[PDB]
Amino acid sequence: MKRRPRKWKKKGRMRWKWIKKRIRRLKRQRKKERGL
Amino acid sequence: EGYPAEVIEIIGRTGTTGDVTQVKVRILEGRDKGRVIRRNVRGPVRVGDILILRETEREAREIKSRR
Amino acid sequence: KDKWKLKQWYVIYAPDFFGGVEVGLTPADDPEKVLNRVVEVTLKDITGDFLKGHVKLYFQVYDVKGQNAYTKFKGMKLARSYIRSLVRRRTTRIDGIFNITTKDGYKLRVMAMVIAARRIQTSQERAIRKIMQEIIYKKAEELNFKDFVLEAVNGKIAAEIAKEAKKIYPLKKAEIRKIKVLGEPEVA
Amino acid sequence: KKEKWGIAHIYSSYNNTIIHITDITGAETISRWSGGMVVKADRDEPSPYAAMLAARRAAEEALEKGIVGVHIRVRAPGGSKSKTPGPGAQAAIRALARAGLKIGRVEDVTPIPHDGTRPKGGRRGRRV
RNA sequence: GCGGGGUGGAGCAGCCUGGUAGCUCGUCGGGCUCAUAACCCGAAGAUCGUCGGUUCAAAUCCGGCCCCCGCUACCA
RNA sequence: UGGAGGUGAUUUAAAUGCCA
RNA sequence: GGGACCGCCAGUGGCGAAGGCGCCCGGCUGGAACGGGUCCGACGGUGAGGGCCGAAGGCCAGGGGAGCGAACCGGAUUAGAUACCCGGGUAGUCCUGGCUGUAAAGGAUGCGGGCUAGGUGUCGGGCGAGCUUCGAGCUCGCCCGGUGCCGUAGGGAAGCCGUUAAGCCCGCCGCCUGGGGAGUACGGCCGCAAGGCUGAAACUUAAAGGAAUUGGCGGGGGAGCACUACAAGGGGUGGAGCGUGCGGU
Ligand SMILES: [Mg+2]
Ligand SMILES: [Mg+2]
Ligand SMILES: [Mg+2]
Ligand SMILES: [Mg+2]
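Residues numbered from 1 in each chain as written, not as in the entry; some residues may be left out. Chains lettered and ligands numbered in written order. Part of a larger assembly, values for the part shown. Heavy atoms only, no water.

### Section: the overall build of chain C
Next up, step 1: The secondary structure content of chain C amounts to five helices and eight strands.
Next up, step 2: The helix and strand sequence of chain C, counted from the amino end, reads α-β-β-β-β-β-α-β-β-α-α-α-β.
Next up, step 3: In terms of overall dimensions, chain C has a C-alpha envelope of 65 × 40 × 25 Å along the principal axes.
Next up, step 4: Burial status across chain C gives 40% buried among its 188 residues.
Next up, step 5: Within chain C, counting contacts between residues at least 6 apart in sequence, those at least 24 apart form 55% of the total.
Next up, step 6: Of the roughly 11200 Å² of accessible surface on chain C, 53% is carried by carbon and sulfur atoms. (Helix = DSSP H or I, 4+ residues; strand = E, 2+ residues; numbered from the N terminus. Buried < 20%, exposed > 50% of the residue type's maximum accessible area, 1.4 Å probe, protein only. Contact = heavy atoms within 4.5 Å. Areas by Shrake-Rupley, 256 points an atom, 1.4 Å probe, with all protein chains shown as cover.)

Right, dumping it as structure tokens:
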């Protein structure tokens, strides 16, 4: 996903793995969701 | 039942509340009569007392090198 | 109890080649049952001088003639703690596993081992292994079965591998370890 | 001769212990004692105490039928699990001889594999 | 054709086997922490719809009446 | 003198905190 | 009767471009180091777009399904617990022909050349002395190669590097230019799918990030205490009426 490794530092945010997985659940959508 | 064994050395005090005492004693009579074992006792003891025990085969569990 | 108290005390014999020397007591009711149990005993107990204490042997019965089970050889094993006391750091064991057969037709599988004094690269190792296989092949063509098992476990072949393998590199405790039988021939 | 002999297998665990007194070849059982038979609590199912008790009673049977002296064979579950013997070893063997039966060759036969199968847990261990 | 419970503020436990409504969420209050919640324990709390019978004696075994009422006659 | 690497072990139920 | 890995010797040990590679024997097969008064005669470094390999995971089929087992069904635990613990168990892991081309793919350090202190081990080869059960062995020097540690000149914000530079000099190449909104948006390109490569802007904020320094703390580790701590003992308050101090009305 063209990683940018300044984000994993978990300082004032949330994990990165479990944000990727949630962006997929919306790209799979705006692709499927009447993006036809 | 009445078996006495004689205290020949005090070794240390264990127990979560500092109560038992590591003491290597000798049995004096019986099917053993001469084997020297390892036990923890409750109360105060002096080197040279005459303790009774009741199993002559319990072999109490070892200490952290007394220290 | 009768199930217990109806048993009957058969006796076992050392196999014939060792020289019959009684070993062990076994309880059993009817002679059809005790014909495929096995035994383990040392070598010390059967005409054994102590320092062969760490050898271990096996016989299996093959017959029941009136309170006698005449045994038959089955195998041989060393002591695991014993060899454990050899392989230390900077020692580089050497393994060898081989199939041979015998004049009289018994074919067997043996697993003999050496231990060097140091570490050595393979091109001064594998030659040892080739040498062992060679000087065993030749050996197992002239001897009957019973006599072959005699002298290896007597402690004799060791004094020959530990002779023609030294001619590459100094070593310690060369010897054979475990012997397992495979089948038995068609003749006789 | 007149030398009746036998073999005692002793199988240990973290959770119980087992004693098996047998004939010479090993195929004919004589007396069998466990840990779950004598004591009750499952804290002390592995204690050395039940070990002793059952392991004196075992001799107290096998001593009548005719067994005199014994060889020992100790073993852990081993295999694809823990390799350490239970602490009940000296809980039986120290006391077994004390029950008057002799001692011969004594050995553990702990089964070890040359690269056996997969252990439990997996990539994170028993994550207590 | 029937047929069931007829229960504290709430789950109704407990009914031939007969004397203590029987525990459980909830209401008052007391403990521990610094203070809160979890946690602990006393208290309140109906007393079996109701008229009875049987029953020394009761929801306990049997009935009058009535609360609510829960299953009564489908596969092209 | 100080580490530099490896194998094992490594423990019930324990949540949260106005105002300058 | 089966299926799946090859224990301990094992070594900052070897082999490879990187991912990786460890039971034994026979065949086939690529590369590197060394020793070489051998031969060809500048035939080189990098490298846009291009082309190949690339753990595990998913998927196309066909075979195989021991142990291990997301999904899924049970008992626990709990204020709850769809998580930790336990008993089972589908897909996968396994074999043949494929597409996927994703990693902390980490020496977090692109690749070639010259030079600039000394110390200390260890694998290969070789040369030189000694021994030597004379063995393809065992010591000790010295030359050339890989893999380790300590530390001068110098260098860096400091952690620290030190001829295997992060020092000083000559080449070519790819990226970065507060922080998020964002690896999203719209558009094209390969994929059977899951997805992968290319990648902006409006606006919002005054700073996010690094290296070290004292202290507080730690359901981190050592050393040492105390009847306002426990252990071991003696006597009590809580429950009654009353004296007396607060709360509140
Ligand atoms: Mg960065
Ligand atoms: Mg509170
Ligand atoms: Mg816990
Ligand atoms: Mg390019």
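### Quick word on the protein's contact with RNA strand G
Next up, step 1: Within the structure, RNA strand G sits among 41 residues, and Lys-2, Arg-3 and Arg-4 of chain A together with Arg-118 and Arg-129 of chain C are positioned closest to it.
Next up, step 2: Counting only the atoms of RNA strand G within 4 Å of the protein, the fraction contributed by sugar and phosphate is 77%.
Next up, step 3: Contact between RNA strand G and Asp-115 of chain D: a sugar or linking oxygen at 2.5 Å from a side-chain N or O atom of the residue.
Next up, step 4: For the surface near RNA strand G, a count of residues per class yields eight nonpolar, seven polar and 26 charged. (Near = heavy atom within 4 Å. Polar contact = N/O pair within 3.5 Å; in protein donor to acceptor, adjacent residues only side chain to side chain. Nonpolar A, V, L, I, M, F, W, Y, C, P; charged D, E, K, R; others polar.)

### Quick notes on the interface of chain C and chain D
Next up, step 1: Each partner contributes residues to the interface: chain C has 16 residues there, and chain D has 13 residues.
Next up, step 2: Carbon and sulfur atoms supply 50% of the area buried between chain C and chain D, which totals about 1400 Å² over both sides.
Next up, step 3: For the chain C face of the interface with chain D, the top three residues by lost area are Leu-25, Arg-37 and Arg-80 of chain C, together amounting to 36%.
Next up, step 4: Joining chain C to chain D, the criterion identifies five salt bridges.
Next up, step 5: Across the pair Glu-40 of chain C and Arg-105 of chain D runs a salt bridge, and its minimum N-O distance is 3.4 Å. (Buried area = accessible area lost by both parts, 1.4 Å probe. Salt bridge = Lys/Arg side-chain N within 4 Å of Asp/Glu carboxyl O.)

### Examining the pattern of salt bridges
Close approach of charged atoms lets side chains of opposite charge pair.
Next up, step 1: Here the structure, examined in full by the defined rule, presents 13 salt bridges over all chains.
Next up, step 2: A salt bridge links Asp-23 of chain D to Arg-37 of chain C, with the nearest nitrogen and oxygen atoms 4.0 Å apart. Here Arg-37 of chain C lies in the loop between β2 (22–27) and β3 (38–42) and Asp-23 of chain D lies in the loop between β2 (18–22) and β3 (29–33), a pairing that spans two chains. Each member of the pair, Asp-23 of chain D as well as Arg-37 of chain C, is classed as buried.
Next up, step 3: Where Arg-73 of chain D meets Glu-40 of chain C, a salt bridge forms, and the shortest distance between an N and an O atom there is 3.0 Å. Placement of the pair is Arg-73 of chain D in strand β4 (residues 69–75) and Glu-40 of chain C in strand β3, with the two residues belonging to separate chains.
Next up, step 4: The exposure class of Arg-73 of chain D is partly exposed, given its relative accessible area of 33%.
Next up, step 5: A residue is classified by how much of its surface remains accessible, and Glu-40 of chain C, at 19% relative accessible area, is buried.
Next up, step 6: Taken together, the shared-partner salt bridges in this structure form one network comprising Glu-40 and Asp-45 of chain C together with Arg-73 and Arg-105 of chain D.

### Quick notes on the interface of chain D and chain B
Next up, step 1: At the interface, five residues of chain D touch four residues of chain B.
Next up, step 2: Regarding the contact of chain D and chain B, the summed buried area is about 550 Å², with carbon and sulfur atoms giving 47% of it.
Next up, step 3: Among the residues chain D hides against chain B, the three largest losses belong to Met-52, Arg-94 and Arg-98 of chain D. Together they make up 81% of the total.
Next up, step 4: At the surface where chain D touches chain B, the tally comes to zero salt bridges.
Next up, step 5: At the boundary of chain D with chain B, the tally comes to one residue pair in polar contact.
Next up, step 6: Of the residues contributing to the side of chain D that touches chain B, the split by class is two nonpolar, one polar and two charged.

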